[PDB]
Amino acid sequence: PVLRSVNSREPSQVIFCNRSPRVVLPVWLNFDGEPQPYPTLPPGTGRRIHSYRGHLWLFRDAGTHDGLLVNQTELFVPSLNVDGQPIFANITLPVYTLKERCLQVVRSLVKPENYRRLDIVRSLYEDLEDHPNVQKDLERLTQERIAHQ
Amino acid sequence: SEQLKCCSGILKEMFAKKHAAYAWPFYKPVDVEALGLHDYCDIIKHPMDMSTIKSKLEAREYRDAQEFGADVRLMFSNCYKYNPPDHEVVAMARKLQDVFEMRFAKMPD
Amino acid sequence: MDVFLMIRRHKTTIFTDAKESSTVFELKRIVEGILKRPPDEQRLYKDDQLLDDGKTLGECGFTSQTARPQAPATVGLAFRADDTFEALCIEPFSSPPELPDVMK
Amino acid sequence: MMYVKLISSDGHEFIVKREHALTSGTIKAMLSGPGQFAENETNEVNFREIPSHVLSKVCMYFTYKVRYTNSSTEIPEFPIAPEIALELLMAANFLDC
């Protein structure tokens, strides 16, 4: 695909900072662009990570696969270290829409087997069931990258 | 003394741009956190990292060229000890050691 | 930073932000803006305790910590009519239903 | 800053900075008034459906969203008690926000 890591084989020292209240799963997109999980950061914590130039990164709630921002954006790709200075990846909550935020919370109180039993519009059962999905987000993001002329 | 100025020549060589495709894991100390290695410092009792050797060299800290060679080999040895033989960084260590051994062999005395 | 507030009288409720260093009078001057009443004819309370017109919002106990966008602090409001301030009445919001059984 | 009045089902009035209320796709339409001609602009929107306890929590969202969207400060969690969750979802759904 378009959305994959380039096998540059050129190291870059990065810092992952989890400035979210969530447990963060960093997700590496391998050379074929298939998402590979890496070890989670607890909220607040930061950690160095040895990565390489042109390696595509993405960060999700480890528990729920909610999307998170890195440097106020969707994806993270380190440049080359300028004079061996580390690249910084600041991970934060996005401003979710109130609708999505509500969905997050209700998913957290209700087993999928019981979405149907909730006293609410038939449309919302479909939204609830539409769990945060890395794969799906990749397709939306890949169409966004082809629509940049 | 004239040897430790050759020793410096060898380390210079190893840092050179041509070697970099295989030399690069060894340039700076092993960052155990960055690499996610919980056991490295337990298994490797005395690490060494080419930059530390440059450090020890410029402070005239090696009594002779034998002692310099020992750290270079230690650095590689540590790599060989920590990793399985089929590992990629082992391949790279070997190639860099090829450079070192050849130049270290041809020093005069 | 700024403090984020709900200013509440009877069944009206105003969402407005302000500075920690900004004062109570300056806050009455916002309410004037909205509801068209002079700061003279306004009293502001934290909880059930009247606020000095000169005291800063920070001094009154409104911090960035206590008065967040997502969780704004409540200022009480009273109005004079007929040459006396009314008692400070704030209508409570509706109650939510008991949590569903699937929600437990 | 202009303002708007938002009236709940139980006749609570919530006055919020106009720009904040625009956060709602639904309210953007109602205040912008009908059509191409943006004549017929009112300051007020009634909600037959949404009770005070939901609409207040909605308005808190507007504040939060405006404050924090495009912000370079650290973003906090928008909190939702279990009791509001359902109603608030329906609300959020209806308001397109």
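Cβ coordinates were reconstructed from backbone atoms using ideal geometry, including for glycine residues, and neighbour counts include every protein chain displayed. Laboratory data are not the source of any read-out in this text; all were calculated from the coordinates shown.
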Do you know the relative contact order of chain A, to the nearest whole percent, from alpha carbon pairs under 8 angstrom that are 6+ apart? 24
Among DSSP beta bridges whose residues both lie in the stretch C:2-103, state the antiparallel percentage, nearest 5. 80
A correct Karplus calculation of ³J(HN,Hα) over the stretch C:78-90, with 6.51 cos²θ - 1.76 cosθ + 1.60, θ = phi - 60°, whole Hz and x for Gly and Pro, returns 10, 10, 6, 9, 6, 6, 8, 5, 5, 6, 7, 10, 10
Across A:50-59, the residue-averaged tally of Cβ atoms belonging to other chains within 10 Å stands at 1
Coil-residue trypsin sites (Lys or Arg not before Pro) of the stretch C:1-36, DSSP, other Cβ within 10 Å capped at 14: C:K36
At a Förster radius of 25 Å, what calculated FRET efficiency corresponds to the Cβ-Cβ distance of A:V2 and D:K28, to the nearest 0.05? 0.15
Within 10 Å of each Cβ in peptide C:60-71, how many partner chain Cβ atoms are there on average? Round it to a whole number, please. 3
When you look at the Cβ of every residue in A:14-23, what mean number of other chain Cβ atoms sits within 10 Å? 1
Listing C:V31, C:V102 from the residue with the fewest other Cβ atoms within 10 Å to the one with the most, what is the order? C:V102, C:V31
With label points set 7 Å from each Cα along the Cα-to-Cβ direction at C:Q49 and A:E34, the distance between them in nm comes to 6.4
Within the stretch C:50-104, list the GluC sites (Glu not before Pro) lying in a DSSP loop whose Cβ has at most 10 other Cβ atoms in a 10 Å radius. C:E98
